[PDB]
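J.: Dumping the structure here so I can ask a few things about it.
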Amino acid sequence: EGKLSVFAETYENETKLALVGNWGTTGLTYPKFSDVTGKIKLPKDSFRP
């Protein structure tokens, strides 16, 4: 009953644009997308059915 569904999880990673008060995925020494550990890379488009 209802919608039976399975869930996937990822984290988005942004950093300051050379510490100017702004931010984005550039100037980033870490993975653009990651797991909860912060080191494991998990792109939003790396996931498949």
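So you can find residues: chains in the structure tokens are A, B, ... in the order shown, residues in each start at 1, and ligands are numbered from 1 in order.
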Taking the chain letters and numbering used in this document, name the residues of chain A that DSSP puts in strand (DSSP E), as a ChimeraX atom specification.
T.: /A:11-12,15-16,23-24,33-34
J.: For region 34-37 of chain A, please output as a PyMOL selection string all residues within 8 Å (counting only C-alpha atoms; exclusion window: fewer than 2 positions along the same chain).
T.: chain A and resi 9-13+31-32+39-43
J.: Name the closest residue to residue 33 (chain A) among the candidates A:21, A:49, A:14, A:8; distances are taken between atoms, counting only C-alpha atoms.
T.: A:14
J.: Write out as a count of residues only which residues come within 9 Å of residue 15 (chain A) when counting only C-alpha atoms, dropping same-chain ones fewer than 2 positions away.
T.: 13
